[PDB]
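Down below is the structure, laid out as structure tokens.
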Amino acid sequence: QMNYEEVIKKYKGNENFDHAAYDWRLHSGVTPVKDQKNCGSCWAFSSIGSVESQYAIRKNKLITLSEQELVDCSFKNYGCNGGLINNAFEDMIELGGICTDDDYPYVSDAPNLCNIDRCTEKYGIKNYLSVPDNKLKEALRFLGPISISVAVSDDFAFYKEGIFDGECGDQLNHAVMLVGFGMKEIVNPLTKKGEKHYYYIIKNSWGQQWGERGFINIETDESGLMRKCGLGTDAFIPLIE
Amino acid sequence: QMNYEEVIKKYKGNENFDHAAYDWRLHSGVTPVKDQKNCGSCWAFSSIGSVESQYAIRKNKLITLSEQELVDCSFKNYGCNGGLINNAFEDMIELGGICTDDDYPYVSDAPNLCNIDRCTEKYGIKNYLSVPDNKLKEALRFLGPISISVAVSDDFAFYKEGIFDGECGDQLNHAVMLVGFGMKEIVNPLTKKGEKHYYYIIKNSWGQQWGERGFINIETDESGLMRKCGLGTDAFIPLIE
Amino acid sequence: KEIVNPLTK
Amino acid sequence: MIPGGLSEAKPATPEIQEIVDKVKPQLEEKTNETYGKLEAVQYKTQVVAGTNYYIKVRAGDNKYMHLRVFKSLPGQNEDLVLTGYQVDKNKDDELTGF
Amino acid sequence: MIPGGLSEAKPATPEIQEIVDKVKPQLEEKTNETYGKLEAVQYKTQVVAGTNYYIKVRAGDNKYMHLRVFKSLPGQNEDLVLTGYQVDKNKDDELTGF
Amino acid sequence: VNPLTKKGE
Ligand code: NA
Ligand code: NA
Ligand code: NA
Ligand code: NA
Ligand code: NA
Ligand code: NA
Ligand code: NA
Ligand code: NA
Ligand code: NA
Ligand code: NA
Ligand code: NA
Ligand code: NA
Ligand code: NA
Ligand code: NA
Ligand code: NA
Ligand code: NA
Ligand code: NA
Ligand code: NA
Ligand code: NA
Ligand code: NA
Ligand code: NA
Ligand code: NA
Ligand code: NA
Ligand code: NA
Ligand code: NA
Ligand code: NA
Ligand code: NA
Ligand code: NA
């Protein structure tokens, strides 16, 4: 059906259809939520979550892929106490993809081992991963997820159940999925840079009952390039198609 | 004492085998890397890591064994200025067991002491076997990670996420382990040639801060003896089973 | 290897 | 800094010292050291489902000590309990993991 | 004939006469004298979780030493430290420490 | 400024 920019007389464009926003857990998106549990391994979640979410998006396949197969061995990351996102999926274009759910759980890392050439089934990736802040102005013009970074002012996990505005943490501490952007109202202006009703929905790896029931809305501009919290620094898009 | 005269016989004796890439670390068997830190003790890590490994590769019950019930309980080895995995193995086959890592803690270069009756843990070996220089791409595959020794250059100590294409030491004065091997499809820096370079996955007793998680990778090929630093001269392994 | 006829469940 | 990890150590302010006293209640029913009250002068903090603090406390003859706990997430009172025990481990273990 | 340890002695490179110069920066532990840096003689080396370059030196009324110095691993900043030092020895009696 | 800069007449 015919949804958006269509020349009808004389002028045209370049797939620049709205310059507006709607959220992408509602229009084909999102996978379930998960608890991190005396382990800080959020790289794992965001990273392997993007593989699984791009599955449910690109193909209507719906894989609820595991997290203790890059946190039982990614011998290029430094444990449940370390790991990056700069290269947290580049260890699944060499592993065959990570082994999956309903035949393997996450188990909190009481000092443990790998079980990787044990399974008959695997689901992995083909393409690479890097979203520039020059693709986070249209952020989800892919119709699919992103793996940006968030710093926490520790006035973050404060179960605001809502929105947070402010100058965030100090270093890109935690890893956060991008479940989309929302657009509530547009600027209600002040002397300079007035009230932001516009919002940014982002999933998290902390818990399932936290804020917007596992998610956190924050405060973007018309575009997405004038926030704080340093989001747009480490964005990556793991694809298989 | 004993050797590969009647021991390999059952595994890759009566049977021949094959592979190009087999790591006992992506295979539910190896245990954590740890440190030595200014005390002349590199041998303790190799031995205690070795016994941890085989228990978990056989009856898959993990142990973290202790390197302070060794270094100061040496009866025939030297101590915090040097030591010999050949005989640290055997000092263990006269005691009765090695304390778990956290049933007898570790300090650094600081003058501490030794007790063996602060344990009831009987984590021991019935005997051990001696592993030749030549068979070391098939010694870490059926018989377990062999507690090798290496050389030290001042190039060696500097790591990154790559294979060693640098020079080496002026003598073989160190002690590490060998876990496995593999093959990696690559390009030519000048061509578009099908260059496939082989490696050796070894552990380390330097920090788990090291790029590939206390697993540093050096030059060896399908021959088994392209060693660029002499990886396999001292390489014997203990026999819990 | 373990591919179709070998595996248990 | 590291997603899931941290950066260098920060100057010991009294709030990690109150986390200290909660750790010491836990510490004495299964530690040979019939324990008590201590003195905290180092720490590091992490981004977990919680805040995974480490407490460098001083104790013993001349060795020092280290521990782990987490201010839980603001579910209910943040009622921190353990997640690590490495007793009388020096001031020079680079603020360890237990 | 040992895997992992010390190695029998060696004459000299002046880039372990860079670590001898750092002796005065890493003293005022128990030094007790006025010697405003010690002058070196011979060389020795160890290979552990760092390059623990060993070196000896001189003093006031000509009594030498056998130290247990320590450089850094490829880690954090420029630190050179003192592990164990001693004095009141002869030039023929050489470097030790266990 | 060039995401759909339809400047001119
Ligand atoms: Na299915
Ligand atoms: Na790359
Ligand atoms: Na395969
Ligand atoms: Na605060
Ligand atoms: Na609107
Ligand atoms: Na301004
Ligand atoms: Na940037
Ligand atoms: Na013989
Ligand atoms: Na026999
Ligand atoms: Na005996
Ligand atoms: Na060199
Ligand atoms: Na060098
Ligand atoms: Na670097
Ligand atoms: Na060459
Ligand atoms: Na050529
Ligand atoms: Na050339
Ligand atoms: Na069967
Ligand atoms: Na407080
Ligand atoms: Na007790
Ligand atoms: Na008392
Ligand atoms: Na506990
Ligand atoms: Na000689
Ligand atoms: Na020079
Ligand atoms: Na000078
Ligand atoms: Na005199
Ligand atoms: Na001594
Ligand atoms: Na105009
Ligand atoms: Na016209």
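Counting Cβ atoms of other protein chains within 10 Å of each residue's Cβ and taking the mean over peptide A:73-85 gives 6.
A DSSP coil position with no more than 13 other Cβ atoms inside 10 Å describes the following GluC sites (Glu not before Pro) in segment A:160-211: A:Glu161, A:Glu167, A:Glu185. For B:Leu62, the distances from its label point to the matching points in the remaining copies are 3.4 nm, ordered from shortest, with each point set 7 Å beyond Cα toward Cβ. Coupling constants for segment E:24-29 follow from the phi torsions by the Karplus curve (6.51 cos²θ - 1.76 cosθ + 1.60, θ = phi - 60°), and in residue order they are 4, x, 10, 9, 6, 8 Hz; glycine and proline get x.
Per residue, the protein assembly as shown reaches -3000 deg cm²/dmol at 222 nm when only DSSP H runs of four or more residues are counted, each adding -39500 (n - 2.57). Taken one residue at a time, the phi angles of segment D:84-94 give Karplus couplings (6.51, -1.76, 1.60, θ = phi - 60°) of x, 9, 9, 6, 5, 10, 4, 5, 10, 8, 6 Hz. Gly and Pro are set to x. Here the peptides B:17-23, D:74-80 are ranked by packing, the mean other Cβ count within 10 Å, and the order with the highest first is B:17-23, D:74-80. Distance from the C-alpha centroid of segment D:42-98 to that of segment B:86-149: 30 Å, rounded to the whole angstrom. Starting from the Kirkwood radius over alpha-carbon pairs of segment B:4-240, derive D by Stokes-Einstein at 10 °C in a medium of 1.306 mPa s and give it in µm² s⁻¹. My calculation gives 86 µm²/s for D.
Each peptide in E:18-24, A:30-36, B:47-53 gets a packing score, the mean of other Cβ atoms within 10 Å over its residues, and the list from highest to lowest is B:47-53, A:30-36, E:18-24. Under a 5 Å amide H cut-off, with hydrogens placed 1.01 Å from N, E:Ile55 pairs with E:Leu67, E:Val69 among residues at least 5 apart or on other chains. Normalised by 2.2 N^0.38 Å, where N counts its residues, the alpha-carbon radius of gyration of segment A:1-114 equals 1.42.
Close amide H pairs (under 5 Å, H built 1.01 Å from N) link B:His197 with B:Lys184, B:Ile186, residues at least 5 positions away or on another chain. Across peptide A:143-152, the average count of Cβ atoms from other chains found within 10 Å of a residue's Cβ is 1. Summarising the amide proton neighbourhood of B:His174: residues at separation of 5 or more, or on other chains, whose placed amide H is nearer than 5 Å comprise B:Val150, E:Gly4.
Annotation: peptides A:114-120, B:96-102, E:26-32, ranked by per-residue average of other Cβ atoms within 10 Å with the highest first, follow the order B:96-102, A:114-120, E:26-32. Gyration tensor over the Cα atoms of the protein assembly as shown: the corresponding equivalent ellipsoid has semi-axes (square roots of 5 times the eigenvalues, largest first) of 49, 33, 26 Å. Does anyone have the angle between helix B:43-58 and the longest principal axis of chain B? Alpha-carbon axes, 0 to 90°, nearest 10? Approximately 80 degrees, to the nearest 10.
Which entries of A:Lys37/A:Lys203; B:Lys37/B:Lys61; B:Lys76/B:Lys135; D:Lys91/E:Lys30; B:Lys196/B:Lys228; E:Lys24/E:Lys71 have Cα-Cα distances beyond 22 Å here? As for pairs spanning more than 22 Å Cα to Cα, those are B:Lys37/B:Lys61; B:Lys76/B:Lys135. Between copies, the label points of E:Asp79, set 7 Å from Cα on the Cα→Cβ line, lie 3.9 nm apart, reported in increasing order to one decimal in nanometres. Across peptide A:111-122, the average count of Cβ atoms from other chains found within 10 Å of a residue's Cβ is 5. Build a GNM of chain B with springs between Cα atoms under 10 Å apart, and of B:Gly194, B:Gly162, B:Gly224 the one that fluctuates most is B:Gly194.
Shortest first, A:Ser130 label-point distances to identical copies amount to 5.3 nm, with the label point at 7 Å from Cα along Cα→Cβ.
Lacking any other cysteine beta-carbon closer than 4.7 Å, the following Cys residues of chain B have no compatible partner: B:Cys42. With semi-axes defined as the square roots of five times the eigenvalues of the C-alpha gyration tensor, the equivalent ellipsoid of segment E:6-84 measures 21, 16, 10 Å, largest first.
If you filter segment B:39-89 for chymotrypsin sites (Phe, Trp or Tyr not before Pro), then keep DSSP loop positions with at most 11 other Cβ within 10 Å, what is left? Can you show the working numbers first?
Numbers: sites: B:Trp43, B:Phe45, B:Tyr55, B:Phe75, B:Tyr78, B:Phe89; in loops: B:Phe75, B:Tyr78.
Sites meeting the loop and neighbour criteria: B:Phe75.
Quick one: 3J(HN,Hα) in Hz for segment A:66-82, Karplus 6.51/-1.76/1.60 with θ = phi - 60°, rounded, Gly and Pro as x. Listing the rounded values in order: 7, 10, 8, 10, 9, 10, 10, 7, 10, 6, 10, 10, 9, x, 6, 9, x Hz. Relative contact order for chain D: 23 percent, from Cα pairs under 8 Å spaced at least 6 residues apart, divided by residue count.
Don't worry about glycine lacking a Cβ; one is built from the backbone with ideal geometry, like all the others, and counts go over all protein chains shown. Each value in this text was obtained by applying a stated rule to the coordinates, not by laboratory testing.
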